[PDB]
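Take a look at this single chain, the form deposited in one PDB entry, given in structure tokens.
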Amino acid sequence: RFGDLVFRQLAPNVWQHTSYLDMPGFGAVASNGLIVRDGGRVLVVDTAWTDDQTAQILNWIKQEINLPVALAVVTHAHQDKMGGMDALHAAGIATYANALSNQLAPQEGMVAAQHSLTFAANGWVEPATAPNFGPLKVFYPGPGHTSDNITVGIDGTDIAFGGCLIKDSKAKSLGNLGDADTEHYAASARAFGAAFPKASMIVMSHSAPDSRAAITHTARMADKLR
């Protein structure tokens, strides 16, 4: 039911879900997402690589929490974050993604979410496109690792999730630059830091949670791209 995945409590109301890619050509690549308990409900950030693993996420919530799952947000269109979209849809869960991510989805061989988020000129999601997100604060830093990458803070916790935008403080490099925007990358990573200026824990797309140092390390590496 929920065997393959790893679930790690990061705060009383917040857990990290981790799933591993099984595909020929690849190592077992970790992908992280978040489960957030808000009062009498649960919110999910990102799926797992596959429908099956994503369903395991829902089974864990059922067994370990036993509150209904209100909504899911995906932070960019890639298999690792979007892979299980139809598992969410099949469970009757409302899904949200940046409009651009929904547009990119089919190009990526992935299913789009049900609703498109839009963003104000200052980078903050428009509350009309993100009803009842509660503690979830959603920000679009501008183009970075990808053009569609979005970021989320969790109110009352001091954790923020950069998605693919922020690399670990130990990272040798910025990783896959295929979708990257060379000139705006540094500015985007710094905008993220200023958007969640109080967050002491930055959740990573692949490795373990890091500190604000990751943000600085990333921006400085991106400074050399230009």
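Shifts are known only where both forms have a C-alpha. What we label the rigid core is the largest C-alpha set whose atoms superpose within 1.5 Å from one form to the other. The first residue of the sequence shown is number 1, and the count goes up from there.
Another form, the form deposited with a small molecule bound, is not on view; read the next lines as being about it.
Asker: Using 4.5 Å between non-hydrogen atoms, is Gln63 touching the small molecule in the entry with it bound?
Answerer: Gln63 lies outside the contact set for the small molecule.
Asker: Do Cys164 and the small molecule share at least one heavy atom pair within 4.5 Å in the entry with it bound?
Answerer: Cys164: contacts the small molecule in the entry with it bound.
Asker: In the entry with it bound, is there a heavy atom of the small molecule that lies within 4.5 Å of any heavy atom of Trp49, even though the partner is absent here?
Answerer: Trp49: yes, in contact with the small molecule in the entry with it bound.
Asker: Do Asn176 and the small molecule share at least one heavy atom pair within 4.5 Å in the entry with it bound?
Answerer: Because a heavy atom of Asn176 falls inside 4.5 Å of the small molecule in the entry with it bound, the answer is yes.
Asker: Note which of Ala70, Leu67, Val29, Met201 lies within 4.5 Å of the small molecule in the entry with it bound, where distance is taken over heavy atoms; exactly one does.
Answerer: Checked against the cut-off, the match is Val29.
Asker: Name the stretch, out of 78-86, 95-103, 122-130, 150-158, where some heavy atom lies within 4.5 Å of the small molecule in the entry with it bound.
Answerer: Flagged stretch: 78-86.
Asker: Rigid core superposed, CA of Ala208 - does it shift 2 Å or more between this form and the one not shown?
Answerer: No, the C-alpha position differs by under 2 Å between this form and the one not shown.
Asker: Say whether the C-alpha atoms of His89 and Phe26 sit closer together or farther apart in the entry with it bound than in the form shown here, given that their separation changes by 3 Å or more.
Answerer: Farther apart in the entry with it bound, by 3 Å or more.
Asker: Suppose the core is superposed; which segments, at least 3 residues long, show C-alpha displacements of 2 Å or more throughout between this form and the one not shown?
Answerer: Three-plus residue run displaced between this form and the one not shown: 22-26, uniquely.
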